[PDB]
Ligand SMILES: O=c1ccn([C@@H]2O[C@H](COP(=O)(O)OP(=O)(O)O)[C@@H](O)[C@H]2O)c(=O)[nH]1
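Only one chain comes next, encoded as structure tokens, the form solved without this ligand.
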């Protein structure tokens, strides 16, 4: 009813059904030189078609991410160019929030740049429910772990209504500009879970679609980073639920290292555009 186990639209019908709405695609990138080209290449063909705009939001890459993205014919925007008047904070959430000022589609699609050979229908499938359905403002992807041990158990506990979301933390989703510019953006790795809970709290379970994007292998990143990522997911989720979070970073051990955690959301982007 709100879940597509088998997305089936075609680029043509979807493109027809947009009916005046524009579509922007954002690829957040921080040092993704190895995967960025294939990701861009998989969406390139749609530009000027179903997709009106495609940017790579570079979040301070020091590898060859920008040059490879450019050579793949993508417009690359830095955090600075996106919003020159506000100094740059670290973290993914910052990059995603900033991209809202650097794009202008009525619909905004986010795809992670670390995807190993993404399927060329990711965008069409995500944009599906937004275009054909009605009252849908957010569509999350799922695929066939911070997600399984942290995000989902915590939702069960504090927002049981969302227990039905299979990939709360997924980097692939689409939404309307109206919604996105209305919501605050959580810092760092909190951005996804925060948009999820804010959208639910504000519009109900019915404005949220879920579409199947097939198989995908899990990026086996280091335990230290996962801990830090988990910590921010917790900070963001506790806050959305009205729980005071200590603000104390996760400490690893010898020796002793304390990873950063933030309690500061960016305000709704509407605010920034008087």
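Numbering follows the first chain given and starts at 1.
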property	result
Count class of deposited residues lacking coordinates, residue 253 to residue 254	4 to 9
Of 92-100 and 113-121, the one with larger mean CA B-factor	113-121
Entry-level comparison of average CA B-factors, 262-270 and 8-16, reporting the higher stretch	8-16
Criterion, highest CA B-factor; candidates, 37, 224, 245, 58	224
Per the PDB entry, maximal CA B factor within 135, 87, 187, 184	135
Where the record places residue 152 (Cα B-factor, split into thirds across the chain)	lowest
Chain thirds of CA B-factor: placement of residue 194	lowest
Chain third (lowest, middle, highest) by recorded CA B-factor, residue given as residue 158	lowest
Position of residue 30 among the chain's modelled residues by C-alpha B-factor, lowest, middle or highest third	middle
Residue 44 CA temperature factor, ranked by third within the chain	middle
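There is another form of the same protein, the form deposited with this ligand bound; it is not shown, and what comes next is about it.
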{"query": "Stretch in contact in the deposited bound form with this ligand, which is absent here, among 177-185, 88-96, 67-75, 123-131 (heavy atoms within 4.5 Å)", "finding": "88-96"}
{"query": "Sole residue of 55, 46, 30, 228 within 4.5 Å of this ligand in the deposited bound form, by heavy atom", "finding": "30"}
{"query": "4.5 Å heavy atom contact, residue 113 and this ligand in the deposited bound form", "finding": "yes"}
{"query": "Interface membership of residue 232, this ligand in the deposited bound form, 4.5 Å heavy atom rule", "finding": "no"}
{"query": "Contact check for 5, 167 and 200 against this ligand in the deposited bound form, heavy atom at 4.5 Å", "finding": "no"}
{"query": "Within 188-205, the residues that have a heavy atom no more than 4.5 Å from this ligand in the deposited bound form", "finding": "189"}
